[PDB]
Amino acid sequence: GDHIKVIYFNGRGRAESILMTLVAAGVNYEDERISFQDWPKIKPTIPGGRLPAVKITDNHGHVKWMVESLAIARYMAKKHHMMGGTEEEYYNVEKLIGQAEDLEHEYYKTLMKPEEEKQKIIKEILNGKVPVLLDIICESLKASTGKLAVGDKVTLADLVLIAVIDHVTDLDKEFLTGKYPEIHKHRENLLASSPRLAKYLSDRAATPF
């Protein structure tokens, strides 16, 4: 069928929810993680200006090149029924993606910085908007009609939430300890609801038939 290549610098970077969407949907793809060293030779080909980029061979005629990570992710989720089952649900999928991405924006402030400034910024955001944005996410989670971000089925909102919360806990490994129960539970419910994600996100390896 189609051959999907996901091309990215960091697997837990911008492309993460593209990766997770395909995994959740049971769609085959090839990882193409590009090192700092291999980039100058890879760049001329991909797309070729900047990453993440996705190369899809299928149609036929021709190959498709895609950029803008969350555009790609929404496309993939939509194609695989993960953008909501109704327009109502679609709204709530988008609300949580937006709310997750509001939190992601805080996290982004910490990137490409030296340790001293980095730690300063981290302390700034963790005692700034991060808690507020985490509560809004907890509220959104609380108002779900089901066990997951929106309903009982996997949506892109679930996947973005994994990505973004993991970035927050990279900044501070204990920021969520004893707090934000909805977010802890959401992660547990997600992995319980999706064997493919549970396998992938725990690096599980030896799957029984």
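So that there is no doubt, residue numbering starts at 1 and follows the sequence shown.
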- Note on the structure: As the entry reports it, the stretch among 38 to 46 and 168 to 176 with higher mean C-alpha B factor is 38 to 46
- Item | Comparing 117 to 125 with 78 to 86, the one whose average Cα B-factor in the PDB entry is higher | 117 to 125
- Task: Select one of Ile72, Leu133, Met112, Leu96: the residue whose C-alpha shows the highest B-factor in the crystal structure entry.
- Result: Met112
- Task: Pick out which of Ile183, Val63, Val160, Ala149 has the highest C-alpha B-factor in the PDB entry.
- Result: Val63
- Ordered by C-alpha B-factor within the chain, which third holds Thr155? Give me lowest, middle or highest, please. lowest
